[PDB]
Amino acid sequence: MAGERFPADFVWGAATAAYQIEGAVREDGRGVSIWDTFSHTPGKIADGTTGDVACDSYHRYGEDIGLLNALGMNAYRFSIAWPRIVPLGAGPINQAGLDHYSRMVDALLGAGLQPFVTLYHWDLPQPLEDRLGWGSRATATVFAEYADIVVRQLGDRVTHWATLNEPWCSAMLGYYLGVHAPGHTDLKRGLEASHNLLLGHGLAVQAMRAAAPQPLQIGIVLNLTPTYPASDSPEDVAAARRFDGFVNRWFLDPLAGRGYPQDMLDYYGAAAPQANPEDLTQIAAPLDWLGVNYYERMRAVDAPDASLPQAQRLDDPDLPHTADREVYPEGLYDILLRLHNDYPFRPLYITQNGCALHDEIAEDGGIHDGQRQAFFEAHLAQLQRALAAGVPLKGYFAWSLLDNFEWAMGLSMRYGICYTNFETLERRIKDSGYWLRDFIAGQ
């Protein structure tokens, strides 16, 4: 319809992550990941669940393909589990793991679904964490070797690759705030991890281009949180700037060849890595695209007594909330306009966008998730505004294809466009999924 059309070659998909969906944690040579360790640690997961079974997608990926087909998607964004490919992190290959993903790629291509592969969505092999994990430069080197191994096997068929998904999460939630695996709580550890993740990224790009049998389109995927000061006071504006630095610019700027943002370097002081020029060069290895994951904004107030970056969220109770977040579609417009005007990355993909609700199977057997339908409608409206402004946006992936193991929240927190019955492993398309289907089909 008028003003609602996307390009005919637009990528339309849904996204998942391996540990969240696959299960089969010890099958076919898979090693132990930090998320195996962490979810089996008492108290770390809200509801006592683990990824041991999850959606059982290792075995049931064909059912997932069925859902993607029923939704009329043309792509699927998924991650490869490093523990299935190099079970010790640095060590022998596990060919059974590569063969699994090779079959899955062929199944997707046979269904007309373009695979968008993420190499790292948080499942670091535990042996590497025993040697400091992302706290060690050596983890970056062996990440790049893993990236080489996978591209050698799959790069004849998969053109679109991301290295990392959300390094801010891996570094800050995993090593500073302790809420994600491996669960450390130190700023310096988080910042060191952030550097070695970026370095791993850059080394992997270069290794991937060398190993690939055809030219690849290589990206990185960042979560970006547009930040707004709660008032125009100097204290609140500065807090917004610091939070923006903490999440967004700390990664955008070095990727853009701009070094680390100097305001944040000066703020972090000696807790930040010494970033020698050689490493910054590697970090800025040229990228073919950037993936944006968008959920929420941050409306920031100063919080002098809080941990760095001394900025807390002030919830606007005017705006409505999902099960776990404030809904703010216009922030997607703002962040895309910022990337378009202020940074060099292009084209752009929205690699995750979605929401969590208290979804229930209704008496009729459907899932009436109208707030999620409205979430998608409003965000896609902002993407059409962004396209109208000249933003080079080439695709959209709904987060998530199906309800899954939602990290520290366990099975409790449902982000799917399809409902997963975790006892029977049945999947059912929610109403929001049928809305997406029909919206995409109108294209």
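Residue indices: 1-based, along the sequence shown.
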Mind pulling up the entry and telling me whether 264-272 or 86-94 has the higher mean Cα temperature factor?
-> 264-272
Taking only the CA atoms, which stretch has the higher mean B-factor in the record, 375-383 or 51-59?
-> 375-383
When the CA B-factors of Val205, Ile149, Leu332, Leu109 are compared as recorded in the entry, which is the largest?
-> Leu332
Out of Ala303, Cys169, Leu348, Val142, which one has a C-alpha B factor higher than all the others in the entry?
-> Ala303
By its CA B factor, does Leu402 count among the lowest, middle or highest third of the modelled residues in the chain?
-> lowest
Split the chain's modelled residues into thirds by Cα B-factor; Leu197 lands in the lowest
By its CA B factor, does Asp315 count among the lowest, middle or highest third of the modelled residues in the chain?
-> highest
Going by the entry, which third of its chain does the Cα temperature factor of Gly155 land in?
-> middle
Entry-reported C-alpha B-factor of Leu124 relative to its chain, by third, is lowest
